[PDB]
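Input: a single structure, listed below in structure tokens.
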Amino acid sequence: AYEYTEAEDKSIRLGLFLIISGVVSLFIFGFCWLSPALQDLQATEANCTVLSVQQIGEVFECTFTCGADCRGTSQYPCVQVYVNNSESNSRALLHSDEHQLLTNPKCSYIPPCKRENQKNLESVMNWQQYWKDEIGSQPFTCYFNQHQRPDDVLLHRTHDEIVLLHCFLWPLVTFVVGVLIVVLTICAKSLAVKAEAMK
Amino acid sequence: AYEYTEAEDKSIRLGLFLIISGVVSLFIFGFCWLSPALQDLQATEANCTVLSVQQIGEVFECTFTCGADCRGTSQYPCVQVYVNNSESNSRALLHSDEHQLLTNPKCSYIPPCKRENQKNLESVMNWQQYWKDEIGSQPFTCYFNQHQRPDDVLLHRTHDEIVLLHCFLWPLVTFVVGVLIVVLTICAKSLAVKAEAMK
Amino acid sequence: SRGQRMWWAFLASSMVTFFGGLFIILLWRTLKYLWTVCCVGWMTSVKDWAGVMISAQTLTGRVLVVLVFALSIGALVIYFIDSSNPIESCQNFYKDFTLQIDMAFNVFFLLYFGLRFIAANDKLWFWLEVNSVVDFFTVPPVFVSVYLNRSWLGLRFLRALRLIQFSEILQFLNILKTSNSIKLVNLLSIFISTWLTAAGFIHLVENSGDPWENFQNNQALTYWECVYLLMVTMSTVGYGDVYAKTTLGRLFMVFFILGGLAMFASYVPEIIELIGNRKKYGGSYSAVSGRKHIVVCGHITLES
Amino acid sequence: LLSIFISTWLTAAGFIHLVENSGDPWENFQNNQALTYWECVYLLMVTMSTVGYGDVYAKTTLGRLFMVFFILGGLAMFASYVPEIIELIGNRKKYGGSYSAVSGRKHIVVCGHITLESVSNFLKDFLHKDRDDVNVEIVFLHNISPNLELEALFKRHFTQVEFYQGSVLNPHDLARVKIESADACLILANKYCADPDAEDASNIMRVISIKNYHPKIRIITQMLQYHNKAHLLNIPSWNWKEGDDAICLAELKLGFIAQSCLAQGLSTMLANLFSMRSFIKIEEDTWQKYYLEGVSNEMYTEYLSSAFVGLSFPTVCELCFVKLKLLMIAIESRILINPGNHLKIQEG
Ligand SMILES: CCCCCCCC/C=C/CCCCCCCC(=O)O[C@@H](COC(=O)CCCCCCCCCCCCCCC)COP(=O)([O-])OCC[N+](C)(C)C
Ligand SMILES: CCCCCCCC/C=C/CCCCCCCC(=O)O[C@@H](COC(=O)CCCCCCCCCCCCCCC)COP(=O)([O-])OCC[N+](C)(C)C
Ligand SMILES: CC(C)CCC[C@@H](C)[C@H]1CC[C@H]2[C@@H]3CC=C4C[C@@H](O)CC[C@]4(C)[C@H]3CC[C@]12C
Ligand SMILES: CC(C)CCC[C@@H](C)[C@H]1CC[C@H]2[C@@H]3CC=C4C[C@@H](O)CC[C@]4(C)[C@H]3CC[C@]12C
Ligand SMILES: CC(C)CCC[C@@H](C)[C@H]1CC[C@H]2[C@@H]3CC=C4C[C@@H](O)CC[C@]4(C)[C@H]3CC[C@]12C
Ligand SMILES: CC(C)CCC[C@@H](C)[C@H]1CC[C@H]2[C@@H]3CC=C4C[C@@H](O)CC[C@]4(C)[C@H]3CC[C@]12C
Ligand SMILES: *[C@@H]1O[C@H](CO)[C@@H](O)[C@H](O)[C@H]1NC(C)=O
Ligand SMILES: *[C@@H]1O[C@H](CO)[C@@H](O)[C@H](O)[C@H]1NC(C)=O
Ligand SMILES: *[C@@H]1O[C@H](CO)[C@@H](O)[C@H](O)[C@H]1NC(C)=O
Ligand SMILES: *[C@@H]1O[C@H](CO)[C@@H](O)[C@H](O)[C@H]1NC(C)=O
Ligand SMILES: [K+]
Ligand SMILES: [K+]
Ligand SMILES: [K+]
Ligand SMILES: [K+]
């Protein structure tokens, strides 16, 4: 009997499944992980000097939450912080991330929503006072993408560089383990064939 | 003929169905009845002294209803009543129940919504005047749960202790009646077998 | 005299009637088979008279059976009227007309239940028969409603289960003889009664909401919205304009689609098969004056 | 089927619960659609059934991706397994159970070739109003379940006829119909069968089975040839003295023909003497108007008065004809037909 058993056939099927799973997960992560991360790295790490700090008076709505699923909607004032870029050197806005920019593009900082509107206003005033002290000096290591959003300047990138590592790592680990299973099963079968035919 | 008839087989099937129904209803009431009731009893009955009574001016919306399905939305002012706890002894809010807390966390009392905004305001002013008289004295038998909502203090628990009785009673009654049906049918059959074989 | 919800008295009267009579029957069958181990008649004549009256073998049995048909539809219509009412409400018996007509219908059902009890061979098999369980959950609580002068739309939707009897009580009356239309009325009765009963249960559950939120889940549906919900659901269309929102409502809908989808997919094409079987080339030839005709028979195919 | 269905349902609901709560890692987990576990169980039952309300659905990218794979598998799983489960439940034997005898009223077990038309012709000739107030019950016994027309016929005779599905060869089914206390057992034959020796063999086997259970029963049967009737006397319990009659159709049809070879038209008269027919009044003057008056007579059996004892046979036939308007034919003290004037009426 020089043929695979049921366990070796199932093990080859498992190794082939892990090869397919590694390729498919890499194919999935190319559109989910990689492409917005490459759009993030398309934004250039640049310098920026703060131009001015303004308030508008038009308040917006946050959402504070208690323990047992409260949906209290307190309100918070708005501060616009305009900067002077190093690349374009135009009137650009400041933002903490794409998250703050997409929930409210017309402000530069959104506080953690609390119950009291006085506490939200105090969080605004503390952050505004810090950005009112350091004016003109110490140009910031900020980020900018003139091809997509040329009017807004971020403070932190959304995705780390290690995202590019983990997007390519675990599909490759899945591929290697699947290849090792097929190789070890075939090698064990061929050595057992030679060990039985050696007599 | 020493065997069950069709009626006895159907009666054994009914008794087995009531046994299964009692177990399944107990299994259902464990996740529906028991678990939020045990979260209610997790809150500790404590003492609390009233700290202060404030108004904010930010009015909210109630919904008054006429006979033939009116959906009039009158408005009502807000009163925040802050207390001093006995356990944490911090600035905690007052609430009537979890119902008032979840519909509006930023107030201490929501009136029954009427047509006139003047009548809602008068209900607010009467309840506020009662909570403006008794200040400092007579610490209240209130409730508190620092692990989930440590900033709010309730006046009434949502679920009674008799909830724990009815959650375990009627599945047990269903189980007992089902067991009695299977036992009485089997006992009647075995006695009829002995009564026919006695000749 | 509002405020006191006495809904539990109706359901208690139904459960005490069903299970108390069941325990009395089982205790009779233990005591009469302990009496030897430890320690033509006249009742058969009244049994054969009741068995004749339940069938349509006489004239007065035929009148009784037609009354069962008509008053079953009448009691169902009274449920359709009462379904738009609030859940717990009062009604004076001498002023409420529909309560008086419902009284007349249910005292008739009580007498007919007594005839079916006498006519049966096996008292246990009768007490577990499904047409008796309908009487245990409909006939007591209307007497409790007249005693309390207070109504509760409880398990009144089980009045729609009385349409199961229709094919049998038409087989008694020599109306249904051949096998196709016996089967057609059987399929139609089971389909419509299951549809209307399950719509009534989801109507009760969705209106009187979940007891775990202290009844703040009252999705105010009418009865006909639940009938439309179940026809949209059974057909697997599922628009989503109307759906069950409570926990007990979704739980019943899970069990209902497990049963009712197979019921719809099996019964509806079979019903459409049994209707529509019409003979195409029936009728007769009509001769005309001054022109003769020729009849051709034998091996008739396309090429011949 | 139940184990695979429920385990697949609960497992896939748990996976979609994990994926929908801990949201997509690509948005830094801002896709947390906070579903409970039971909402995902309800989601998958709404989805597997192809209802799809849309009140609850997966909103994340991994959630929609699993739902695409789940409907590719789970729709075929639901549509295959659910009607098969409903087939395997609900298979209940309808006409089980046993006959319950009543005091002071005997019953009759009928087996053999039981169809709709044979039972209809039997119940016409048995429950006819031209008999006295009969009170026997008729119990049937056939292994094939009846169709809807036979069930409607049994509902038309709800107090006189009970059906019980079983086989006459199996002695448990003979115990179910109370064959030990039955008054007689009747075995109808399929007179238009394709092989007459085959059904004569089968009905002989039925007589063997009933006599194997209870030998002291009265069996009435139908045979299609005469030699198969001759095999029935070899059975050690077939006692015709108490009433085990074998109605041989070959012997009776050829004898009816031969008696009509002597006097033409006798076979019609004899065959009309046993079909129970009520009087049908014809207003016209046709041949049927006098023929139907001949049809309405049937053969009957009765004891005689004490006042007739000692008289002669032509005397009592003449006087019952002119006073009582009855036609006497034969006598029993044997079963000889039309004795002379020399034989006198015995008492009894
Ligand atoms: C084929 C094999 C490949 C498999 C790939 C496996 C690799 C897995 C991935 C690899 C990398 C992932 C780890 C990196 C985390 C980075 C840290 C971080 O982002 O913190 C975040 C934690 O936010 C949370 O709330 C976490 C809660 C969910 C954690 C559970 C994850 C389960 C993922 C599903 C498991 C499914 C398992 C399925 C198993 C079958 C905080 O971020 P933020 O605060 O919200 O940002 C706010 C934005 N702002 C700053 C502007 C305000
Ligand atoms: C397996 C066998 C087990 C069966 C278990 C049976 C046990 C049944 C249960 C047992 C206990 C239930 C009774 C306790 C009630 C407590 C009193 C109460 O809560 O009052 C409430 C009456 O609110 C209403 O409006 C009532 C209207 C619905 C009543 C009909 C119930 C039918 C339930 C379905 C029947 C289905 C029957 C199905 C039959 C097949 C008022 O509360 P609230 O005003 O709204 O609170 C406001 C909050 N706030 C104070 C902060 C503002
Ligand atoms: C098999 C079961 C469901 C039968 C029904 C039993 C239950 C549902 C019924 C019978 C006894 C009833 C209780 C009787 C007494 C209490 C307190 C009283 O002041 C008002 C009603 C109330 C609050 C009832 C609640 C519902 C109840 C618990
Ligand atoms: C099935 C039949 C034979 C027995 C049914 C039991 C019925 C008749 C009995 C059992 C429970 C009873 C209820 C128990 C307590 C309530 C409240 C009380 O303040 C007055 C009587 C009243 C309103 C009763 C009405 C009648 C009642 C519903
Ligand atoms: C109000 C209700 C509970 C009354 C209950 C009456 C019951 C206990 C009694 C009345 C007459 C009895 C029946 C009398 C004779 C029949 C036929 C017999 O061969 C077996 C027992 C059986 C089937 C009995 C079963 C129990 C029985 C039905
Ligand atoms: C409350 C209930 C019991 C009222 C019924 C009254 C009973 C006792 C009366 C009314 C109808 C009667 C029946 C009328 C005619 C039949 C057929 C006859 O050939 C013998 C007597 C018999 C079988 C009678 C038995 C007794 C009887 C059933
Ligand atoms: C611009 O950015 C770099 C960091 O990338 C910083 O070190 C440097 O000082 C800046 N250059 C000027 C001219 O400001
Ligand atoms: C500031 O902005 C102006 C125009 O907005 C631009 O010309 C100049 O280069 C910037 N200067 C600095 C120091 O960034
Ligand atoms: C605290 O609460 C109890 C009631 O639980 C009350 O009787 C007591 O007076 C309170 N104790 C103090 C020290 O206030
Ligand atoms: C009141 O509150 C303060 C702080 O908020 C706390 O230190 C003190 O214990 C409380 N006193 C009383 C009497 O509750
Ligand atoms: K569908
Ligand atoms: K659909
Ligand atoms: K859909
Ligand atoms: K939909």
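Just remember, in the structure tokens the first chain shown is A, the second B, etc., residues are 1-based per chain, and ligands are 1-based in the order shown.
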I'd like a table as JSON lines: residues in chain B with an atom no more than 12 Å from ligand 3, each row giving the shortest atom pair and its distance in Å to one decimal, only C-alpha atoms and all ligand atoms counted, sorted by chain and rising residue number.
{"residue": "B:18", "atom": "CA", "partner": "ligand 3", "partner_atom_place_in_ligand_line": "1 (C)", "distance": 10.5}
{"residue": "B:21", "atom": "CA", "partner": "ligand 3", "partner_atom_place_in_ligand_line": "1 (C)", "distance": 11.0}
{"residue": "B:22", "atom": "CA", "partner": "ligand 3", "partner_atom_place_in_ligand_line": "1 (C)", "distance": 10.0}
{"residue": "B:25", "atom": "CA", "partner": "ligand 3", "partner_atom_place_in_ligand_line": "3 (C)", "distance": 11.1}
{"residue": "B:160", "atom": "CA", "partner": "ligand 3", "partner_atom_place_in_ligand_line": "23 (C)", "distance": 11.4}
{"residue": "B:162", "atom": "CA", "partner": "ligand 3", "partner_atom_place_in_ligand_line": "23 (C)", "distance": 9.6}
{"residue": "B:163", "atom": "CA", "partner": "ligand 3", "partner_atom_place_in_ligand_line": "28 (C)", "distance": 10.3}
{"residue": "B:165", "atom": "CA", "partner": "ligand 3", "partner_atom_place_in_ligand_line": "28 (C)", "distance": 9.8}
{"residue": "B:166", "atom": "CA", "partner": "ligand 3", "partner_atom_place_in_ligand_line": "28 (C)", "distance": 7.2}
{"residue": "B:167", "atom": "CA", "partner": "ligand 3", "partner_atom_place_in_ligand_line": "28 (C)", "distance": 10.5}
{"residue": "B:168", "atom": "CA", "partner": "ligand 3", "partner_atom_place_in_ligand_line": "28 (C)", "distance": 11.8}
{"residue": "B:169", "atom": "CA", "partner": "ligand 3", "partner_atom_place_in_ligand_line": "28 (C)", "distance": 9.2}
{"residue": "B:170", "atom": "CA", "partner": "ligand 3", "partner_atom_place_in_ligand_line": "2 (C)", "distance": 6.0}
{"residue": "B:171", "atom": "CA", "partner": "ligand 3", "partner_atom_place_in_ligand_line": "1 (C)", "distance": 8.3}
{"residue": "B:172", "atom": "CA", "partner": "ligand 3", "partner_atom_place_in_ligand_line": "1 (C)", "distance": 9.8}
{"residue": "B:173", "atom": "CA", "partner": "ligand 3", "partner_atom_place_in_ligand_line": "1 (C)", "distance": 7.1}
{"residue": "B:174", "atom": "CA", "partner": "ligand 3", "partner_atom_place_in_ligand_line": "1 (C)", "distance": 6.6}
{"residue": "B:175", "atom": "CA", "partner": "ligand 3", "partner_atom_place_in_ligand_line": "1 (C)", "distance": 10.4}
{"residue": "B:176", "atom": "CA", "partner": "ligand 3", "partner_atom_place_in_ligand_line": "1 (C)", "distance": 11.0}
{"residue": "B:177", "atom": "CA", "partner": "ligand 3", "partner_atom_place_in_ligand_line": "1 (C)", "distance": 9.5}
{"residue": "B:178", "atom": "CA", "partner": "ligand 3", "partner_atom_place_in_ligand_line": "1 (C)", "distance": 11.4}
Compute the set of chain B residues within 10 Å of chain D, using only C-alpha atoms, and express it as a JSON list (two decimals) with N, CA, C and O atoms, in the first residue's frame.
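Writing the result to result_11.json gives the following:
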[["chain", "number", "residue", "atom", "x", "y", "z"],
["B", 1, "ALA", "N", -53.62, -7.02, 27.06],
["B", 1, "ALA", "CA", -53.08, -5.76, 26.58],
["B", 1, "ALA", "C", -52.49, -4.95, 27.74],
["B", 1, "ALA", "O", -53.20, -4.24, 28.44],
["B", 4, "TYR", "N", -49.69, 1.24, 27.00],
["B", 4, "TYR", "CA", -50.36, 2.53, 27.02],
["B", 4, "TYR", "C", -51.38, 2.63, 25.89],
["B", 4, "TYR", "O", -51.16, 2.11, 24.79],
["B", 5, "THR", "N", -52.48, 3.32, 26.16],
["B", 5, "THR", "CA", -53.45, 3.64, 25.13],
["B", 5, "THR", "C", -53.00, 4.92, 24.43],
["B", 5, "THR", "O", -51.90, 5.44, 24.68],
["B", 6, "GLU", "N", -53.84, 5.45, 23.55],
["B", 6, "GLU", "CA", -53.50, 6.70, 22.88],
["B", 6, "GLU", "C", -53.64, 7.89, 23.80],
["B", 6, "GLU", "O", -52.87, 8.85, 23.71],
["B", 7, "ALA", "N", -54.62, 7.84, 24.71],
["B", 7, "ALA", "CA", -54.83, 8.95, 25.63],
["B", 7, "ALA", "C", -53.72, 9.02, 26.67],
["B", 7, "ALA", "O", -53.28, 10.12, 27.04]]
Residues up to 7 Å from ligand 12, counting only C-alpha atoms and all ligand atoms: could you list those as a PyMOL selection string? (chain C and resi 236-238) or (chain D and resi 50-52)
Store the residues picked out above, limited to C-alpha atoms, as a PDB file, in the first residue's frame.
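As a result, selection.pdb now contains:
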ATOM      1  CA  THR C 236     -40.625  35.252   2.865  1.00  0.00           C
ATOM      2  CA  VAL C 237     -41.027  38.733   1.437  1.00  0.00           C
ATOM      3  CA  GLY C 238     -40.233  40.571   4.653  1.00  0.00           C
TER       4      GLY C 238
ATOM      5  CA  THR D  50     -34.722  34.368   3.584  1.00  0.00           C
ATOM      6  CA  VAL D  51     -37.123  36.760   5.265  1.00  0.00           C
ATOM      7  CA  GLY D  52     -34.593  39.520   5.836  1.00  0.00           C
TER       8      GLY D  52
END
Check which residues fall inside 9 Å of ligand 5 when counting only C-alpha atoms and all ligand atoms, and print them as a CSV table (one decimal) with N, CA and C atoms, in the first residue's frame.
chain,number,residue,atom,x,y,z
C,17,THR,N,-59.6,25.2,34.9
C,17,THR,CA,-60.6,24.3,34.2
C,17,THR,C,-59.9,23.2,33.5
C,18,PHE,N,-58.8,23.5,32.8
C,18,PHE,CA,-58.1,22.5,32.0
C,18,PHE,C,-57.4,21.5,32.9
C,20,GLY,N,-57.4,21.2,36.3
C,20,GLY,CA,-58.2,20.6,37.4
C,20,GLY,C,-59.1,19.5,36.9
C,21,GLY,N,-59.7,19.6,35.7
C,21,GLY,CA,-60.4,18.5,35.2
C,21,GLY,C,-59.5,17.4,34.7
C,22,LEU,N,-58.3,17.7,34.3
C,22,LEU,CA,-57.4,16.7,33.9
C,22,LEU,C,-56.9,15.9,35.2
C,23,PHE,N,-56.7,16.5,36.3
C,23,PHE,CA,-56.3,15.8,37.5
C,23,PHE,C,-57.5,15.0,38.1
C,24,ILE,N,-58.7,15.5,37.9
C,24,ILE,CA,-59.9,14.8,38.4
C,24,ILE,C,-60.0,13.5,37.6
C,25,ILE,N,-59.8,13.5,36.3
C,25,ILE,CA,-59.9,12.4,35.4
C,25,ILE,C,-58.8,11.3,35.8
C,26,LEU,N,-57.6,11.8,36.0
C,26,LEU,CA,-56.5,10.9,36.3
C,26,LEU,C,-56.6,10.3,37.7
C,27,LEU,N,-57.2,11.1,38.7
C,27,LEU,CA,-57.4,10.6,40.0
C,27,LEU,C,-58.5,9.6,40.0
C,28,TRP,N,-59.5,9.7,39.1
C,28,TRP,CA,-60.6,8.7,39.0
C,28,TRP,C,-60.0,7.4,38.5
C,29,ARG,N,-59.0,7.5,37.5
C,29,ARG,CA,-58.4,6.3,37.0
C,29,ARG,C,-57.4,5.7,37.9
C,43,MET,N,-76.5,4.6,30.7
C,43,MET,CA,-75.5,5.6,30.4
C,43,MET,C,-74.9,5.4,29.0
C,117,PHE,N,-68.6,15.8,25.4
C,117,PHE,CA,-68.1,15.0,26.5
C,117,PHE,C,-68.8,13.7,26.8
C,118,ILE,N,-70.2,13.8,26.7
C,118,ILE,CA,-71.0,12.6,26.9
C,118,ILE,C,-70.7,11.6,25.8
C,120,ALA,N,-68.2,10.9,24.0
C,120,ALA,CA,-66.8,10.3,23.8
C,120,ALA,C,-66.7,9.0,24.4
C,121,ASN,N,-65.8,8.2,23.8
C,121,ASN,CA,-65.5,6.9,24.4
C,121,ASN,C,-64.5,7.0,25.5
C,122,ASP,N,-63.5,7.8,25.4
C,122,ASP,CA,-62.4,8.0,26.3
C,122,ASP,C,-62.4,9.4,26.8
C,123,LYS,N,-62.6,9.5,28.2
C,123,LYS,CA,-62.7,10.8,28.7
C,123,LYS,C,-61.3,11.5,28.7
C,124,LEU,N,-60.2,10.8,28.8
C,124,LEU,CA,-58.9,11.4,28.8
C,124,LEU,C,-58.5,11.9,27.4
C,125,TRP,N,-58.8,11.0,26.4
C,125,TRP,CA,-58.6,11.4,25.0
C,125,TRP,C,-59.5,12.6,24.6
C,126,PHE,N,-60.7,12.7,25.1
C,126,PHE,CA,-61.5,13.9,24.9
C,126,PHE,C,-60.9,15.1,25.5
C,127,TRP,N,-60.4,15.0,26.8
C,127,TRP,CA,-59.9,16.1,27.5
C,127,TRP,C,-58.6,16.7,26.9
D,100,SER,N,-63.1,-1.0,22.3
D,100,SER,CA,-63.5,-1.2,23.6
D,100,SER,C,-64.9,-1.7,23.6
D,101,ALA,N,-65.1,-3.0,24.1
D,101,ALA,CA,-66.4,-3.6,24.0
D,101,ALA,C,-67.3,-3.0,25.1
D,102,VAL,N,-68.6,-3.0,24.8
D,102,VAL,CA,-69.6,-2.5,25.7
D,102,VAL,C,-70.5,-3.7,26.1
Can you write out as JSON lines which residues of chain B fall within 12 Å of ligand 9, alongside each residue's closest atom pair and its distance in Å to one decimal, counting only C-alpha atoms and all ligand atoms and ordering rows by chain and ascending residue number?
{"residue": "B:44", "atom": "CA", "partner": "ligand 9", "partner_atom_place_in_ligand_line": "5 (O)", "distance": 9.8}
{"residue": "B:45", "atom": "CA", "partner": "ligand 9", "partner_atom_place_in_ligand_line": "5 (O)", "distance": 6.6}
{"residue": "B:46", "atom": "CA", "partner": "ligand 9", "partner_atom_place_in_ligand_line": "2 (O)", "distance": 5.7}
{"residue": "B:47", "atom": "CA", "partner": "ligand 9", "partner_atom_place_in_ligand_line": "1 (C)", "distance": 4.8}
{"residue": "B:48", "atom": "CA", "partner": "ligand 9", "partner_atom_place_in_ligand_line": "14 (O)", "distance": 8.1}
{"residue": "B:49", "atom": "CA", "partner": "ligand 9", "partner_atom_place_in_ligand_line": "14 (O)", "distance": 9.0}
{"residue": "B:84", "atom": "CA", "partner": "ligand 9", "partner_atom_place_in_ligand_line": "14 (O)", "distance": 11.9}
{"residue": "B:85", "atom": "CA", "partner": "ligand 9", "partner_atom_place_in_ligand_line": "14 (O)", "distance": 10.4}
{"residue": "B:86", "atom": "CA", "partner": "ligand 9", "partner_atom_place_in_ligand_line": "14 (O)", "distance": 7.7}
{"residue": "B:87", "atom": "CA", "partner": "ligand 9", "partner_atom_place_in_ligand_line": "1 (C)", "distance": 9.9}
{"residue": "B:137", "atom": "CA", "partner": "ligand 9", "partner_atom_place_in_ligand_line": "14 (O)", "distance": 10.5}
{"residue": "B:138", "atom": "CA", "partner": "ligand 9", "partner_atom_place_in_ligand_line": "14 (O)", "distance": 8.5}
{"residue": "B:139", "atom": "CA", "partner": "ligand 9", "partner_atom_place_in_ligand_line": "14 (O)", "distance": 6.4}
{"residue": "B:140", "atom": "CA", "partner": "ligand 9", "partner_atom_place_in_ligand_line": "2 (O)", "distance": 7.7}
{"residue": "B:141", "atom": "CA", "partner": "ligand 9", "partner_atom_place_in_ligand_line": "4 (C)", "distance": 5.9}
{"residue": "B:142", "atom": "CA", "partner": "ligand 9", "partner_atom_place_in_ligand_line": "2 (O)", "distance": 8.6}
{"residue": "B:143", "atom": "CA", "partner": "ligand 9", "partner_atom_place_in_ligand_line": "5 (O)", "distance": 10.0}
How about saving the chosen residues, C-alpha atoms kept, as a compact mmCIF listing (two decimals), in the first residue's frame?
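Listing of selection.txt after writing:
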# COMPACT_ATOMS: atom_id res chain seq x y z
CA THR B 44 -26.66 49.44 47.45
CA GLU B 45 -29.38 50.99 49.58
CA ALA B 46 -27.54 53.84 51.28
CA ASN B 47 -27.97 57.26 52.87
CA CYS B 48 -27.66 60.63 51.17
CA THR B 49 -27.93 64.26 52.24
CA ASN B 84 -24.00 64.26 49.18
CA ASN B 85 -23.64 60.48 49.42
CA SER B 86 -22.93 58.45 52.53
CA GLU B 87 -20.75 55.86 50.78
CA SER B 137 -31.94 67.51 57.28
CA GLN B 138 -33.37 63.93 57.05
CA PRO B 139 -30.86 61.89 54.98
CA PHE B 140 -32.72 59.83 52.42
CA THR B 141 -32.93 56.05 52.05
CA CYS B 142 -31.57 56.21 48.53
CA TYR B 143 -29.73 53.79 46.25
Selection: 12 Å around residue 183 of chain A, only C-alpha atoms, excl. self and same-chain fewer than 3 positions, as a ChimeraX atom specification: /A:8,11-12,14-16,176-180,186-190
Restricting it to N, CA and C atoms, dump the selection as a short mmCIF file (atom, residue, chain, number, x, y, z; two decimals), in the first residue's frame.
data_model
loop_
_atom_site.label_atom_id
_atom_site.label_comp_id
_atom_site.auth_asym_id
_atom_site.auth_seq_id
_atom_site.Cartn_x
_atom_site.Cartn_y
_atom_site.Cartn_z
N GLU A 8 -3.52 11.62 6.23
CA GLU A 8 -2.58 12.37 5.41
C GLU A 8 -3.30 13.16 4.33
N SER A 11 -4.67 16.10 6.07
CA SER A 11 -3.62 17.04 6.43
C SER A 11 -3.14 17.84 5.22
N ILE A 12 -3.07 17.19 4.06
CA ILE A 12 -2.76 17.91 2.82
C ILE A 12 -3.87 18.90 2.49
N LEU A 14 -5.70 20.39 4.74
CA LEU A 14 -5.55 21.49 5.69
C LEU A 14 -4.43 22.43 5.27
N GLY A 15 -3.31 21.87 4.81
CA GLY A 15 -2.21 22.71 4.36
C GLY A 15 -2.55 23.52 3.12
N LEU A 16 -3.29 22.91 2.19
CA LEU A 16 -3.78 23.65 1.04
C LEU A 16 -4.79 24.71 1.45
N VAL A 176 3.36 30.14 5.19
CA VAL A 176 4.52 29.31 5.53
C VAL A 176 4.10 28.07 6.30
N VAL A 177 3.16 28.23 7.24
CA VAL A 177 2.70 27.08 8.03
C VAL A 177 1.94 26.10 7.16
N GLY A 178 1.15 26.60 6.21
CA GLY A 178 0.46 25.71 5.28
C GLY A 178 1.40 24.95 4.37
N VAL A 179 2.44 25.63 3.88
CA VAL A 179 3.45 24.97 3.05
C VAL A 179 4.21 23.92 3.85
N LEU A 180 4.51 24.22 5.12
CA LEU A 180 5.21 23.28 5.97
C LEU A 180 4.39 22.03 6.24
N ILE A 186 4.04 15.00 2.91
CA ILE A 186 4.57 14.32 1.73
C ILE A 186 5.91 13.67 2.04
N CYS A 187 6.75 14.34 2.83
CA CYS A 187 8.05 13.79 3.20
C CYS A 187 7.90 12.57 4.10
N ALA A 188 6.94 12.60 5.03
CA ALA A 188 6.71 11.45 5.89
C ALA A 188 6.17 10.26 5.12
N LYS A 189 5.33 10.51 4.11
CA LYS A 189 4.80 9.43 3.30
C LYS A 189 5.88 8.79 2.44
N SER A 190 6.72 9.61 1.81
CA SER A 190 7.75 9.08 0.92
C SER A 190 8.82 8.32 1.69
#
Do me a favour and pick out the residues of chain B within 12 Å of chain A, using only C-alpha atoms, as an MDAnalysis selection string. chainID B and resid 36 39:40 56 58 60 80 93 98:107 145:152
Mind listing the residues within 12 Å of ligand 11, only C-alpha atoms and all ligand atoms counted, as JSON, numbers by chain? {"C": [232, 233, 234, 235, 236, 237, 238, 239, 257, 261, 265], "D": [46, 47, 48, 49, 50, 51, 52, 53, 71, 75, 79]}
Rank C:206, C:270, C:135, C:102 by their smallest atom-to-atom distance to residue 188 of chain C, using only C-alpha atoms, and report the top residue only.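 When distances to residue 188 of chain C are compared using only C-alpha atoms, the smallest one comes from C:270.
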